[PDB]
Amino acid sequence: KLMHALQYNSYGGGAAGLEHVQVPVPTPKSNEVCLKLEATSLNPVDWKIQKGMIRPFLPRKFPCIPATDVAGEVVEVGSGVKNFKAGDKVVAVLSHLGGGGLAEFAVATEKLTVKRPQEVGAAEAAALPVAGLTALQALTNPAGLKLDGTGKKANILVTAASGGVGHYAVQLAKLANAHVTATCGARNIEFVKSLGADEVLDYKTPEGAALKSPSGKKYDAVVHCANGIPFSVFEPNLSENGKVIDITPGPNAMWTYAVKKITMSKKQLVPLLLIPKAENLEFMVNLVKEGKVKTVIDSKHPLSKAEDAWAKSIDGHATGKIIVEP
């Protein structure tokens, strides 16, 4: 019947603007499944939407229940659901239109729900969807690396590699047999080395502010997860046809993309929008199961204290992924 959740009913609230509320448990449609949530993961998008930065596209209507990355147990399925039964443990991606993550229950489409193996925890799994698939898409599509053994070997730069997409990106890039150069805060330099990065740079230094690799590497692709960097700084560090992949693209990135396209610049800036596909989520889940990829969890917060997790996300000093559990 009813359900604990967190809502914002207005732009600009910050964590203060979140409200604990009791709300009717959603009902699954033909193709949806209903989950008792075991873990929910935050993404920077989630608090940006609330700040109003994604207007006029999101949020669709107030009030909003935030977060899309989710793991839990199937409680109930819709008439059309073929592949999941009640009791099944899953990981899923909620619609970016309706949100729903910060709650006891959520409905997910079957096409974005994946069975979660016994080996993989709920928090470990819930951290995967947006961050992991983004990292995966960037390295698979624009960077053009296979992740078996048949991919192009290459030089990869990962900016802000201590964060959500960042720390997945480094691990994945290593599985594609790439040389990985990474940037992060001084504190996280040892951590990023442990993800498999070949070179790690303190971004406040001179070689890291300029993104110059000690081997003198030029990068074939950049999984760009940081924010304050103009194409100027990337350019001299790029290979002849290097692509900087902005996984959090603003108007600046969008414009640069247009200009570099229309002037046929050999060096390119690629805005990335994630297209979550269940095959990829299944894939990432397997990588975690097989130990080829580890999820690092910055912190775990109870839904009753979810604003803390929200504020931690807003500060964005998180290392890996922030998790909210019941």
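Residue numbers here begin at 1 and follow the sequence given.
Peer 1: Regarding 58 to 66 and 44 to 52, which shows the higher C-alpha temperature factor on average in the entry?
Peer 2: Comparing 58 to 66 with 44 to 52, the higher mean C-alpha B-factor belongs to 44 to 52.
Peer 1: May I ask you to compare 148 to 156 and 240 to 248 by their mean CA B factor in the entry and name the higher one?
Peer 2: Per the deposited B-factors, the answer is 148 to 156.
Peer 1: Of the options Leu272, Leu269, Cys34, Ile262, which has the highest CA B factor as deposited?
Peer 2: It is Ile262.
Peer 1: By the entry's C-alpha temperature factors, tell me which of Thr134, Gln171, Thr256, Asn177 sits highest.
Peer 2: By C-alpha B-factor in the record, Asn177 ranks first.
Peer 1: Where does the C-alpha B-factor of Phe191 rank in its chain, lowest, middle or highest third?
Peer 2: Its C-alpha B-factor belongs to the middle third of this chain's values.
Peer 1: Could you say whether, by C-alpha temperature factor, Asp220 belongs to the lowest, middle or highest third of its chain?
Peer 2: Within its chain, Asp220 is a middle-third residue by C-alpha B-factor, going by the deposited values.
Peer 1: Classify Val21 as lowest, middle or highest third according to the C-alpha B-factor given in the PDB entry, relative to its own chain.
Peer 2: As the PDB entry reports it, the C-alpha B-factor of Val21 lands in the middle third of its chain.
Peer 1: Per the entry's values, where does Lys89 land by CA temperature factor relative to the rest of its chain, in the lowest, middle or highest third?
Peer 2: Answer is highest: the recorded C-alpha B-factor places it there.
Peer 1: Can you work out whether the C-alpha temperature factor of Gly208 puts it in the lowest, middle or highest third of the chain?
Peer 2: Tercile = lowest for this residue's CA B-factor.
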